[PDB]
Structure formats: C-alpha cells, structure tokens
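In the block that follows, a single chain appears as structure tokens, in the form deposited in one PDB entry.
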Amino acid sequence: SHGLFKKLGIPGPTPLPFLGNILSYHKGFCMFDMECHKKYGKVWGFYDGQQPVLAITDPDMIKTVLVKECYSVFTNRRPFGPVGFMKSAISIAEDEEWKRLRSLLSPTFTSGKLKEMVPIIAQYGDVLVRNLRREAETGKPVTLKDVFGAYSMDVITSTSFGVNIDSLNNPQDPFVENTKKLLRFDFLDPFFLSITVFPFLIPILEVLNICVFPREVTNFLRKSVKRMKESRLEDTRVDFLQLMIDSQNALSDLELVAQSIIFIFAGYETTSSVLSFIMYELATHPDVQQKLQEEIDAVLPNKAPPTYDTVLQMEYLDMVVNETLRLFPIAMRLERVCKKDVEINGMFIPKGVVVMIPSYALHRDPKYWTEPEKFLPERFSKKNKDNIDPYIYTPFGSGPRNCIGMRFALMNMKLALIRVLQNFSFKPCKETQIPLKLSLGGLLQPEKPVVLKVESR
C-alpha cells in the first residue's frame, strides 16, 4: 500500500511502517496540510496508517469530485470508527441509503420554512441579550461558548422538534452537557489514534458494541428524542420532526433518532463555535465591530427587530461571517472516497483512495489570498467578491453532499449577531487568549474557551 503514490508519480512525505504519516499530525493536521502544500505543490499523497490519501488543490479537479462525479464515484465520506446505530445518520450513510435520507430531509429548510422560524428564533434572541446584559452589569469575563451554546441548543430543539428545553435558563441543562460529550475525537487519545491507524479494529469494536459516541450520551439522546416524538403524536408546524414522523407512516425508530442526533449536534456545537470565532474576531478588530454596528443601526434604526429580509440586506455582516469562516473553517478538510478507478483532469485515481481537499490550507494559500493570515472582511465585498474561486472557498462544502443546514445556520447566526451587536460591544480582557490557538482535536475548536468582556452600549 505504501508504494502507491510513489508508483503513480505523486509527491508526498515518506511513510513509516504501519503508521504511514500519522505522526505528522502531532502539531495538527492543518499545519501538516499547510507544510505539504508549500513543500509539494498542487497535489500530494500521504498515508493514514495503510489508507492512501490523495490531496488535491486544483479548482476544476475539486469541482469534478465534489460536483460532477459525486453520484458516480465520490459519493461517500471516509468511514471513521465504530458507529453502531449512527451508521444510519445521514452524514454517515452511503450510496442509496444516503440518497433517500437526503431527499427525505431536504424539504426541511425551504425558503418558506426558514421565514416561519424567524419569530421563533427571536424569542431566544431576546433571552440571549437579557443573559448577556447581566454579564455587562457585573462586568465579569464571559465564556462565549456557554451563553452562545445554550442559545444554539434552544434554537435547534425548538425549530426542529417544536420543544423548548429552555437551555438559556438552565446552565446544567442535560441536553448541552450530553451533546458536548458526543464526540471527543482526539489523536492524543489511544482509542481514536488506534482506530484511525488500524481500521481493521472497527469491525471488532462494532461486535463488542464499542462506539465512538459514548453509550451514556446516545442513550440520553435516544430517550430525549422519543419523548419529543411522543409529545407530537399525542397532541391535538411541519418541521424536521414531522417530516420524519410522516415517513414512518420507511424510517425506523432508531433511524429517526440518528438524524435527530446529527441535527442537534450541528445546531448546538457547530453553530456556537462559529459564533464564538466571529465574536473573537470582532473583539480584536474594533474598527470592524464598530463598522458592523453602524450597518446594523442603519438597517434597523433604534434596535428594531431583525426580519428575514433585513438579515439578507446586511452586506458587511455577511462579509464578516464569510471572512471568519475563511480563517476558522469548521471544514478543515473535505473528503470523498473514490469508489471506483477513474481519471480526472489528467490525473488517475485508484479505487479505495480517499480524495482530500485541504480547505484550511487552501483558505490561507498565498496564491489566492494577499495577507492570508489577516482578518480583512473587505475581500468579500461586492468589489473583490467575484475574484474568489467558488471551489477554493467552500466553508459549507459543495455538490450533492454539501451542508444541508447552510441557509438555516447563516440565518440563525446572523439573527444572534444582530441582536447582540445592537445592544453590546465585545472587548478582549485578561483571560482572552491572543493570539487564538486552535486545539489539535478532530473538530474545529480553540484550546482554551474564548473569553470576552461584554459592555452595554
């Protein structure tokens, strides 16, 4: 296996027996991707254990695997460990299975359904400002992840299940406590390092009922979803939950739970993380924060409530969101398994190979971005906008397998940002880590929580 890239004429770091190039992930795989792009150029290959991983950076080639040949050859993501029943979760499912889950869940975020959620989200936006104002009162340092996380949990559960768990008023909320423990992918943990280097273990762990997701956490989610499912079949809004309930009358019970777990995690974890990164960038760039507040005041004079339409009018807010996602992409890498031998744009790719798009590296690539390490919202303005390649910058992925919650995530975060900024200003304090350093974990997260001071306007 370790002689594949050598044989095909593809550059790459020399692999070690059994480990492949996995030890290079000691200072984060993003740095590894950066160094490989600089050292080897437009394409290179490395090995995760025995698994060949081909990294591509050419726009047209990226478009070919993410869009053109999605259903035909690059249909699924890389298997990543024992998943138990979560094998049915849409993001983990493959081929035809994934195809039906996709069409089934697709109606969830139509433009019409998104608009209906605005007032629902607003209730939580109001509680968010209230909680933050308390922090502004005491003047104590604020851990963004907690407050923004509770807001995110409340929003995803209400809009998806029509149930208000009121996380914004219950700090030890079991939903957040459990969800934040759902997946702690860490290469320093022997379990995750082992299954990544030796995939043959996966089948064995599945028999043993050993899962990457803690049994205690999934049990909790399973019970929680059942409860909410009941409250709906017993009471006298077509939402995520309804869509799945309707299918049952070919979706099985655990299967419905599997999708629910994906939505809860994405709505809570992924959303609150990006909000934290955005507020960090705003606190360390007062001119950007000041300028953003002015746009909001101009569009919504005297703290007027935001609306679906006015959210879309805010050009700078959108430039700020996009720029933060460029520097801190939750998708540090995008991947597709090559499920059959094929050539694309002049390059041959053997079956079984994992094709990887080093997003984090491409976003900081000194060919497409001047001053790549700088937070400059202007690069996304109408003027410079069209000069950004649609396949170099894909924070939500692209093609048939892209983020199904993209429009909801952008709308929800923007609603939060608006309410918060039309009431407060965030400033860095003593507990604020600057520069901000990312953890080496599998998911996009800073090493120490982002802490900031909130001041009332």
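The term rigid core refers to the most C-alpha atoms you can superpose between the two forms while keeping them within 1.5 Å. Quick note: we count residues from 1 along the sequence shown, nothing fancier.
As for the form deposited in another entry, it is not shown, yet the points below apply to it.
With the two forms fitted on their core, the C-alpha shifts between this form and the one not shown stay under 2 Å for all of 219, 381, 313, 290 except 219. After superposition on the rigid core, the Cα of residue 175 moves by 2 Å or more between this form and the one not shown.
With a cut-off of 2 Å and the rigid core superposed, residue 16 has a Cα displacement that falls short of the cut-off between this form and the one not shown.
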